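This report refers to the structure that appears directly beneath it.
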Amino acid sequence: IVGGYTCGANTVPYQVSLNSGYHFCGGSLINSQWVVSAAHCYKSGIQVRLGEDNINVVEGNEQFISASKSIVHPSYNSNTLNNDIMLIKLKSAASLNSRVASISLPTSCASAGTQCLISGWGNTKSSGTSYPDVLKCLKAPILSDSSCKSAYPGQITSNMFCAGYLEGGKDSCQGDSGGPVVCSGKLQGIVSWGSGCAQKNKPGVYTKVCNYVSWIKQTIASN
Ligand SMILES: N=C(N)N1CCCCC1
Ligand SMILES: [Ca+2]
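If you use the entry's author numbering, the sequence shown corresponds to residues 16 to 34, 37 to 67, 69 to 125, 127 to 130, 132 to 184, 184A, 185 to 188, 188A, 189 to 204, 209 to 217, 219 to 221, 221A, 222 to 245, in order.
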């Protein structure tokens, strides 16, 4: 996250770190045994780390649970990033508490102008590299479809939305991928792609979760 703030330990209780020897992506806990992330975060050997603040220090609220299965969206296209969403099932249910909690799926899609919370352990610099140990946060509005398409000609599908600031300076970044965009207490986005980080006229692009609620629910119901 570039241009954000330190969230505070366990203040984003649905945020998970996906670990394969190191943090490589975010995700969102949506019930005791399932995480939503980005399809472009797929790999084998995933351990889900819940209850994290500093990802390099055991601070006492962590739960580390291996994935038992991963399900990339049927229609994911890795060239266009259309349908950039993946479900991960945990081998055992997480113990839910104030510090480790699921985030509700949306009942309705969110509108441009809605303020959301984006979070992750990604790079905090738009030029160069500095990766934080503790979770960072950014408050950002959803942008109109028109301005999203103007920023990225030929690239925005009905399964994507932009959020952030056209003036630059505030955005998600490398290592935030797969993490949450939460608006009014519902998971409306997944950190997906952009152009650099925090550049003028290049807002972040996010997977539009409301389009996937039926798929998520029916996948969970049979897996
Ligand atoms: N929001 C931006 N700029 N992103 C998404 C996360 C990876 C780097 C590109
Ligand atoms: Ca930790």
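Don't be surprised by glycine CBs; every beta carbon is placed ideally from N, CA and C.
Could you tell me which of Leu158, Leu108, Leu114 and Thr149 sits nearest to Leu33, measuring between CA atoms? Distance from the Cα of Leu33 is smallest, within the candidate group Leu158, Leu108, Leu114 and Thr149, for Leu108.
Is the segment 44-62 close to the segment 90-110, with three or more CB pairs under 8 Å? Short answer: they touch.
Cβ-based burial, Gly188 [other Cβ within 10 Å; buried from 16]: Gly188 comes out exposed.
Check whether the Cβ of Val118 sits closer than 8 Å to any heavy atom of ligand 2, and report yes or no. Flag unset: Cβ of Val118 not near ligand 2.
Beta-bridge pairing of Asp189 - partner residues as DSSP gives them: Note: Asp189 sits in a beta bridge opposite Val17.
CB contact flag (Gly193, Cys22, <9 Å): The answer is no: Cβ separation not under 9 Å.
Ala56 by DSSP, collapsed to three states: which one? Three-state result, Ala56: helix.
Could you tell me how far apart the beta carbons of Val52 and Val31 are, in whole angstroms, since I believe they sit closer than 8 Å? Between the beta-carbon of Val52 and that of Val31 there is about 6 Å, and that keeps the pair under the 8 Å contact cut.
Under the rule that 16 or more other beta-carbon atoms within 10 Å means buried, what is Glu70, buried or exposed? Counting C-beta atoms within 10 angstroms of its own C-beta, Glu70 has 16 or more neighbours from the protein chains shown and is therefore classed as buried.
Opening and closing residue of the beta strand (DSSP E) in which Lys204 lies: Residue range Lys204 to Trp215 is occupied by the beta strand (DSSP E) that includes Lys204.
Return the CA-CA distance between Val199 and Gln240, expressed in angstroms with no decimal places. Computed Cα separation, rounded: 22 Å.
Given the structure, does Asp71 come close to ligand 1, in the sense that its CB is under 8 Å from one of the ligand's heavy atoms? Relative to ligand 1, the beta carbon of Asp71 is positioned no closer than 8 Å to any heavy atom.
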